[PDB]
Amino acid sequence: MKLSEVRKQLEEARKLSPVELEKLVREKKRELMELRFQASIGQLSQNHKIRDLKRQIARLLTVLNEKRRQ
RNA sequence: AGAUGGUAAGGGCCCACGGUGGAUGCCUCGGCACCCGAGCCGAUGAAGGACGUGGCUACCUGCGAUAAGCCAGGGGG
Ligand SMILES: [Mg+2]
Ligand SMILES: [Mg+2]
Ligand SMILES: [Mg+2]
Ligand SMILES: [Mg+2]
Ligand SMILES: [Mg+2]
Ligand SMILES: [Mg+2]
Ligand SMILES: [Mg+2]
Ligand SMILES: [Mg+2]
Ligand SMILES: [Mg+2]
Ligand SMILES: [Mg+2]
Ligand SMILES: [Mg+2]
Ligand SMILES: [Mg+2]
Ligand SMILES: [Mg+2]
Ligand SMILES: [Mg+2]
Ligand SMILES: [Mg+2]
Ligand SMILES: [Mg+2]
Ligand SMILES: [Mg+2]
Ligand SMILES: [Mg+2]
Ligand SMILES: [Mg+2]
Ligand SMILES: [Mg+2]
């Protein structure tokens, strides 16, 4: 997404505990599956949202992997 | 009576223009040689692979369910 929103996403993710982080990823993964459904019926005009959520999930798992590895 | 020509189904030689074919010249993202530099990787799972991976994705490249990418530092504008 926008570069400032990535930065804010990383500040907030880093204030989350591993349990919060897992629960967020589980939520964003659900929304990603919702995006794939929508895109498969031709309903996702804004297809950039699929990639954005995928990288979001990557950042969150990266920070989750950070917090179990200081 | 005598004699000499017009005939071209087709063919031959030459001239013109085309078709085919891809020589020659020019060209080079490639290659060759020499020199110099530099020289190990791997159970912390190598080399090399299979299968995946993009909103649309046959192949190649990249990457690995965090999947043409994730975090940070440096360069750059
Ligand atoms: Mg998906
Ligand atoms: Mg598909
Ligand atoms: Mg993802
Ligand atoms: Mg005659
Ligand atoms: Mg004739
Ligand atoms: Mg004739
Ligand atoms: Mg003849
Ligand atoms: Mg030709
Ligand atoms: Mg050369
Ligand atoms: Mg070597
Ligand atoms: Mg390998
Ligand atoms: Mg591939
Ligand atoms: Mg696809
Ligand atoms: Mg290749
Ligand atoms: Mg799996
Ligand atoms: Mg996937
Ligand atoms: Mg990014
Ligand atoms: Mg970066
Ligand atoms: Mg930096
Ligand atoms: Mg930078």
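Values below: every heavy atom of this structure, side chains too, minus hydrogens, waters and symmetry copies. Quick note on labels: first sequence line is chain A, next is B, and so on, each numbered from 1.
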Write down the distance separating the P atoms in B:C63 and B:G77, rounded off to the nearest Å.
27 Å
5'-most contact on RNA chain B: A:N65 or A:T62, nearest heavy atom basis?
A:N65
Residue-level proximity of residues 36-48 of chain A to RNA chain B when a heavy atom falls under 4.0 Å
A:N47
Rounded distance (Å) that lies between atom P of B:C56 and atom CZ of A:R51
11 Å
A:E66 CD to B:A72 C1': how many Å, rounded?
9 Å
Would the number of heavy atoms belonging to other residues, nucleotides or ligands and lying under 6.0 Å from NZ of A:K67 be above 12?
yes
In whole Å, I'd like the distance from the CG atom of A:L60 to the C1' atom of B:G69.
15 Å
Surrounding CZ of A:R51 (heavy atoms of other residues, nucleotides or ligands, distance under 6.0 Å), is the total greater than 12?
no
If we take the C1' atom in both B:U44 and B:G39, what is their distance in whole Å?
23 Å
To the nearest Å, how far apart are A:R69 CZ and B:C70 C1'?
12 Å
Sign of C1'-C2'-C3'-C4' decides it: give me the sugar pucker of B:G54, north or south.
south
Whole-Å distance between B:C70 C1' and A:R55 CZ?
9 Å
Mind checking the P distance from B:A23 to B:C34? Whole angstroms is fine.
32 Å
Let me spell it out: for each of A:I50 and A:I57, pick the nucleotide of RNA chain B with the closest heavy atom. Which residue's pick is nearer the 5' end?
A:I50
Describe the nucleic acid contact of A:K49 in one word from base, sugar-phosphate, nothing, applying a heavy-atom distance below 4.0 Å.
nothing
For A:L53 and B:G69, give me the distance from atom CG to atom P, rounded to whole Å.
17 Å
Nearest-Å distance once atom P is located in both B:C40 and B:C35:
22 Å
When all nucleic acid strands are considered with a 4.0 Å heavy-atom cut-off, which category describes A:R14: base, sugar-phosphate, or nothing?
sugar-phosphate
B:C71 phosphate, OP1 or OP2, under 4.0 Å from A:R59 side-chain N/O:
yes
Please state whether the phosphate of B:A65, meaning OP1 or OP2, lies under 4.0 angstrom from any side-chain nitrogen or oxygen of A:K29.
no
Among B:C71, B:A68, B:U66, which nucleotide sits nearest the side chain of A:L61?
B:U66
Touch class at under 4.0 angstrom, heavy-atom based, for A:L35 against every strand present:
nothing
Taking only the P atom of each, what is the distance from B:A9 to B:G2 in whole angstrom?
33 Å
For RNA chain B, the expected dot-bracket line (Watson-Crick or G-U under 3.5 Å, [ ] crossing, | inter-strand) is ..................................................(((........))).............
Hey, does the side chain of A:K54 come within less than 4.0 Å of B:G54's phosphate (OP1/OP2), counting only N and O?
yes
Can you tell me, in whole Å, how much space there is between the P of B:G21 and that of B:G25?
22 Å
Heavy atoms of A:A13 and A:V63 approach each other most closely as O-CG1, 3.9 Å
